[PDB]
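So the chains spell out like this:
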Amino acid sequence: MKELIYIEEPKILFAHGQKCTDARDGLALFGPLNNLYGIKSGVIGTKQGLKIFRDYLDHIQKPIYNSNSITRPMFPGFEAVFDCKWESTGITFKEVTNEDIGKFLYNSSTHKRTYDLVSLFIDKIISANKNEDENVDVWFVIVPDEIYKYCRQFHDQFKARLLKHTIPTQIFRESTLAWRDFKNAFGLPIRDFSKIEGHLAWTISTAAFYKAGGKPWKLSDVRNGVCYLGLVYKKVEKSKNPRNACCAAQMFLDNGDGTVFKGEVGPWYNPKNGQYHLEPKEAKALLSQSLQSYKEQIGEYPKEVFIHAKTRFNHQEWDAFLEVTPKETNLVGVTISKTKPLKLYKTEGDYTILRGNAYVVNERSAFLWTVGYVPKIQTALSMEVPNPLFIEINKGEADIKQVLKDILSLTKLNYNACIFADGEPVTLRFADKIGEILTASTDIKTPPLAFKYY
Amino acid sequence: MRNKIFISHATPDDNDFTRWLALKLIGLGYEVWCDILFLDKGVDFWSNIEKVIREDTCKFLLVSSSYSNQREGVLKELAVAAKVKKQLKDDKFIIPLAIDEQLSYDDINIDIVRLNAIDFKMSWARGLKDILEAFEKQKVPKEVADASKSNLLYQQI
Amino acid sequence: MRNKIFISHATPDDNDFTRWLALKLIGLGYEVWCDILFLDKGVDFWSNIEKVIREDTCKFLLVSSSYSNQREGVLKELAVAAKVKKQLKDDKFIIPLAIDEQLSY
Amino acid sequence: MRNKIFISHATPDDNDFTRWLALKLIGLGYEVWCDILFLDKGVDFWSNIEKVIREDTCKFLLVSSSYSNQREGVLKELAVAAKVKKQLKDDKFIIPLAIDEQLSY
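Residues numbered from 1 in each chain as written, not as in the entry; some residues may be left out. Chains lettered and ligands numbered in written order. Part of a larger assembly, values for the part shown. Heavy atoms only, no water. Residues with missing side-chain atoms left out of burial classes, pairs and counts.

- Its PDB header names cryo-EM as the technique used to obtain the model and reports a resolution of 2.84 Å.

Below you can see the structure in the form of structure tokens.
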């Protein structure tokens, strides 16, 4: 016999201060935090890609429907949701001929074809950015199903080679926008969207609205004076050594008034393979940069720093963290894992365990079903029995209930997608994203620090 | 004083649009009467429906679509709306809203075949702006807008 | 197939002429649909009238007068008849019949 | 008294020029009427435009183009305007405005 404590769902704040539990419903009912006047779109690709993007942009102007409007709310239309014009008349096309694609695609090397294709694409984008009169907010790179299939490497290099110029860009596949006609040789559409189409529109519109300077929502219930750091480790395959560990961090504070989420980055390196620990110099540098980033924006030091991670810190780096911080800030460190397969079955045999259940092992460990059953949409976030996150307070002193509440809150602010909630806190996921991008090209000085470039 | 905007649709096919529009107009300080907010049910409504049409309804918005074209309840609603419009002698009482794209303008029902509709075929926001401009030009009664009412109504129902 | 001849008028003011004309046309072998000959009554007619116009009518005789000019029912029938005329691509569908002398052109 | 200038055009093809002209005339002090701005949402619009032509229209600024040459609504407004003109016997009542060079004279 064991006990399960329940943690309630947090609220995400929409326009005119209206709390809600779902992003889709809150946006379809209240609207985003800030209003853009419109989205000016630059399109890179062939003529067929331009036509496909034009027709899809016209298509998402009208309301779209899902099969069952409880599991997935319908899409009213882009303007009805975001109060912004994103039309096919603002398209600034830059034609790319098919022979151009072929004359680098049809080589024998694997890295060189990706290098050349990304080079041509980014050179066209940079030329259009430097010496054209028009102002383009987001560049929509439509690719055919003949590059990404044989370029895996394309996406990471593409995003890494635009970092010094800071052009927000979104990559699309011609099958994603033209799934209806892009079937196989048998005629079966390999990317059936007929029953999800509205959710596809939701995710695409939210990503586009985010990359153009719009804030779709935020967190309403979070305490001031606290900051969170999601630290992830990545392997540099192209370095001198076959593996070279690199630490990348994503920062989340509240703000002087609300919702700052930037990410202090610049990969801190560890040469020895298999050691996912930061050397004392690296730890001091990372913590100092994070503290300055918080302080220069707020004016005062935080009252609590909450270094999330996927691994366990050792004594050297935690001591180093303790040296570079003043005597008021309380420092905690929590390691989140997924290697404990506690698949809590249900006795009714109809649906999975409710999302928000925690088995508190002791005062310094717990489980959390961040992915489970959410009743508002009558379905679970998974298909099989979900695996819970095993949250342990590796270092410091803190309340495990507050830890679980904060992780559940952090499971909401995912702007790359419009879903009910994520499975892992967004600090870890976004730090993983930008650390994966930053290591694509090992020549980068002072990265932008903003997620819309990644 | 008549201060209620009545909405008539074809349940269950026109629920997405009517939920969206009713919550939008509630959030804009209007007082929307449609059968889907009062879905708690258990009480007969036909007498109540005719009573609210004849006593407090000031504008009869009609969701014109390929489903609500021949629905018997909507036809009775249009009959009572025509009667009360003739009683009030208000030319601008009934407002059709064209929503279905496959409903051709040549197959529209006889009772609204002559009135100037509001078009939602292309955009819902364009049609909503048309609705709001028409309401403010026709001096439809309203109080200060508040999204809290839409929030609590959506939560309750 | 369409063979009926819809006679639209204002009731009960153009009843003498419409009675005379409907009886004359019925005696001449034309299938005529008009309200005054369907005065048995008992059922709603608006949907029935619209269906008759859209389905079986082959000519839409309109009795123009100082009565049936701005009569709302006559106007609705006229609008539906115009839609049906556009549908059938028949220019000679609506055939007005001027009756009264005090209605100038 | 008649103080409204009616504009009759094809919809929505000639809406840009119609909007420009209407805004220009309004900005100078002349009261205008076209379906773009002064038509309400649910009016029995045919009767409303007919009443506007027959009661308040002092000028009829038709917009002639390859689109509004055979547009039925414009033709009907033209016929009502011709009747109004022969009522007041003002020859400068109807004014065509030629904008399309693809419409030969």
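With respect to the overall build of chain B
Reasoning step 1: A tally of helices and strands in chain B yields five helices and five strands.
Reasoning step 2: Start at the N end of chain B and walk to the C end: the helices and strands fall as β-α-β-α-β-α-β-β-α-α.
Reasoning step 3: A globule of 157 residues ought to have a C-alpha radius of gyration of about 15 Å, and chain B, at 15 Å, matches this closely.
Reasoning step 4: Expressed as lengths along the three principal axes of its C-alpha atoms, the size of chain B is roughly 40 × 35 × 30 Å.
Reasoning step 5: For chain B, contacts bridging at least 24 residues in sequence account for 74% of all contacts bridging at least 6. (Helix = DSSP H or I, 4+ residues; strand = E, 2+ residues; numbered from the N terminus. Rg over C-alpha atoms; globule rule 2.2 N^0.38 Å. Contact = heavy atoms within 4.5 Å.)

Considerations on the environment of D:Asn48
Reasoning step 1: Within the secondary structure layout, D:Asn48 lies in helix α2 (residues 45-55).
Reasoning step 2: Along the primary structure D:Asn48 and D:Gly73 are separated by 25 residues, whereas in three dimensions their C-alpha atoms are 13 Å apart.

Some remarks on the UniProt feature "binding site: NAD(+) 2" (unreviewed entry) in chain B
All names here are of chain B.
Reasoning step 1: What UniProt calls "binding site: NAD(+) 2" (unreviewed entry) maps, in this numbering, to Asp35, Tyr105 and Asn116. Judged by maximum C-alpha separation, these annotated positions cover 82 residues in sequence and are scattered in space, the widest gap reaching 26.8 Å.
Reasoning step 2: Locating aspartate 35 in the fold gives a position in the loop between β2 (32-33) and α2 (46-55).
Reasoning step 3: For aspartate 35, a relative accessible area of 29% puts it in the partly exposed group. (UniProt positions renumbered as here; feature names shortened; annotations may be inferred. Buried < 20%, exposed > 50% of the residue type's maximum accessible area, 1.4 Å probe, protein only.)

Remarks on the nonpolar core
Reasoning step 1: Counting residues in each nonpolar core, the largest one holds 114 residues, and the members touching the most others are A:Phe53, A:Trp86 and B:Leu97.
Reasoning step 2: Ignoring sequence-local partners within four residues, the contact set of A:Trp86 consists of A:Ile39, A:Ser41, A:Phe53, A:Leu57, A:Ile60, A:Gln61, A:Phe78, A:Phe140, A:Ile204, A:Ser205 and A:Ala208.
Reasoning step 3: B:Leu78, C:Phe45, C:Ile49 and C:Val80 belong to the second-largest nonpolar core, a separate cluster that totals 35 residues. (Core = buried A, V, L, I, M, F, W, Y, C linked by side-chain atoms within 4.5 Å.)

Regarding the sheet that holds strand β2 (residues 31-33) of chain D
Residue and element names in this part refer to chain D.
Reasoning step 1: Strand order across the open sheet formed by four strands is β2-β1-β3-β4, with parallel pairing between neighbours. The open sheet has two free edges, formed respectively by β2 and β4 (94-98), since each of these has just one partner strand. Each strand axis lies, on average, 25° off the axis of its neighbour in the sheet, ignoring direction.
Reasoning step 2: When strand β1 (residues 4-8) meets strand β3 (residues 57-64), the two strands line up parallel, connected through five bridges. Counted as the bridge partner of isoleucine 5 is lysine 59 from β3. (Pairing = 2+ DSSP bridges. Axes fitted to C-alpha atoms, helices over the stretch in contact; angles between N-to-C directions.)

A few points about the interface of chain C and chain B
One frequently used descriptor of interface size is the decrease in accessible area upon assembly of the parts.
Reasoning step 1: Facing 10 residues of chain C, the contacting portion of chain B comprises 10 residues.
Reasoning step 2: Buried area between chain C and chain B, both sides added, is near 970 Å², and the carbon and sulfur share of it is 53%.
Reasoning step 3: Considering only the side of chain C, the residues that lose the most area to chain B are C:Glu50, C:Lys76 and C:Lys83, jointly responsible for 46% of the buried surface there.
Reasoning step 4: Linking chain C with chain B are one salt bridge, by the criterion used here.
Reasoning step 5: Linking chain C to chain B there are five residue pairs in polar contact.
Reasoning step 6: Taken together, the elements giving at least two residues each to the side of chain C that touches chain B come down to α2 (46-55) and α3 (72-88) of chain C.
Reasoning step 7: With six residues, the top contributor of residues to the side of chain C that touches chain B is α3(C).
Reasoning step 8: The class makeup of the residues in the side of chain C that touches chain B is four nonpolar, one polar and five charged. (Buried area = accessible area lost by both parts, 1.4 Å probe. Salt bridge = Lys/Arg side-chain N within 4 Å of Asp/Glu carboxyl O. Polar contact = N/O pair within 3.5 Å; in protein donor to acceptor, adjacent residues only side chain to side chain. Nonpolar A, V, L, I, M, F, W, Y, C, P; charged D, E, K, R; others polar.)

Concerning the UniProt feature "binding site: NAD(+) 1" (unreviewed entry) in chain B
Reasoning step 1: With numbering matched to this structure, UniProt assigns "binding site: NAD(+) 1" (unreviewed entry) to B:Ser8, B:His9, B:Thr11, B:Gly73, B:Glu77, B:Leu115, B:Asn116 and B:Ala117. Taking the farthest pair of C-alpha atoms as the criterion, the annotated set spanning 110 residues is dispersed, since that pair is 23.9 Å apart.
Reasoning step 2: Its location among the elements puts B:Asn116 in the loop between β4 (94-98) and β5 (118-119).
Reasoning step 3: Excluding its chain neighbours within four sequence positions, the residues that come into contact with B:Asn116 are B:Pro96, D:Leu39, D:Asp40, D:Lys41, D:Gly42, D:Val43, D:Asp44 and D:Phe45.
Reasoning step 4: A distance of 2.4 Å separates a polar atom in the side chain of B:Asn116 from the backbone oxygen of D:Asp40.

Quick notes on the sheet that holds strand β4 (residues 91-95) of chain A
Residue and element names in this part refer to chain A.
Reasoning step 1: The parallel open sheet is built from four strands, whose spatial order is β4-β3-β5-β6. The open sheet terminates on both sides in strands that have one partner only, identified here as β4 and β6 (169-173). Strand after strand, the sheet turns through a mean of 20° between neighbouring axes, direction not considered.
Reasoning step 2: Relative to strand β5 (residues 138-143), strand β3 (residues 41-45) runs parallel, the two being bridged by four bridges. If you follow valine 43 over to β5, its bridge partner there is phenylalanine 140.
Reasoning step 3: The strands touched by helix α2 (residues 47-59) within the sheet are β3, β4, β5 and β6, with β4 carrying the most contacts at an inclination of about 160°.
Reasoning step 4: Of the strands in this sheet, β5 and β6 touch helix α8 (residues 197-211), which is tilted by about 155° from β6.

Examining the interface of chain B and chain A
Reasoning step 1: With 17 residues of chain B at the contact, the number on the chain A side is 17 residues.
Reasoning step 2: Taking both partners together, chain B and chain A bury about 1,400 Å²; carbon and sulfur atoms supply 54% of that area.
Reasoning step 3: Summed over the shared surface of chain B and chain A, the number is one salt bridge.
Reasoning step 4: For A:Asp25, the salt bridge goes to B:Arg19, with nearest N and O atoms at 2.9 Å.
Reasoning step 5: Linking chain B to chain A there are four residue pairs in polar contact.
Reasoning step 6: Of all the secondary structure elements, the ones that give two or more residues to the side of chain B that touches chain A are α1 (15-27), α4 (124-137) and α5 (147-156) of chain B.

Structural notes on the pattern of salt bridges
Residue and element names in this part refer to chain A.
Reasoning step 1: Here the structure, examined in full by the defined rule, presents 29 salt bridges over all chains.
Reasoning step 2: With its nearest N and O atoms 2.3 Å apart, the salt bridge here joins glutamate 9 to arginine 355.
Reasoning step 3: With a relative accessible area of 3%, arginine 355 lands in the buried category.
Reasoning step 4: Of the charged contacts in the structure, one is a salt bridge between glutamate 87 and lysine 85, with a shortest N-O distance of 3.1 Å.
Reasoning step 5: Residue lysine 85 is classed as partly exposed on the basis of its relative accessible area of 35%.
Reasoning step 6: Several salt bridges converge on common partners, so that one network encompasses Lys272, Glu279, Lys281 and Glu282.

Regarding the packing of α2(C) against α3(C)
Residue and element names in this part refer to chain C.
Reasoning step 1: Direction vectors running N to C along α2 and α3 enclose 35°, while the axes themselves pass 9 Å from each other. Considering only the axes of α2 and α3, their crossing is right-handed. Mapping the contact onto sequence places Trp46, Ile49, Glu50, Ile53 and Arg54 in α2 and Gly73, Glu77, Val80, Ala81, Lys83 and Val84 in α3.
Reasoning step 2: Looking at the contact of α2 with α3 residue by residue, the classes come out as six nonpolar, one polar and four charged. (Left-handed = near helix turned anticlockwise from the far one by under 90°.)

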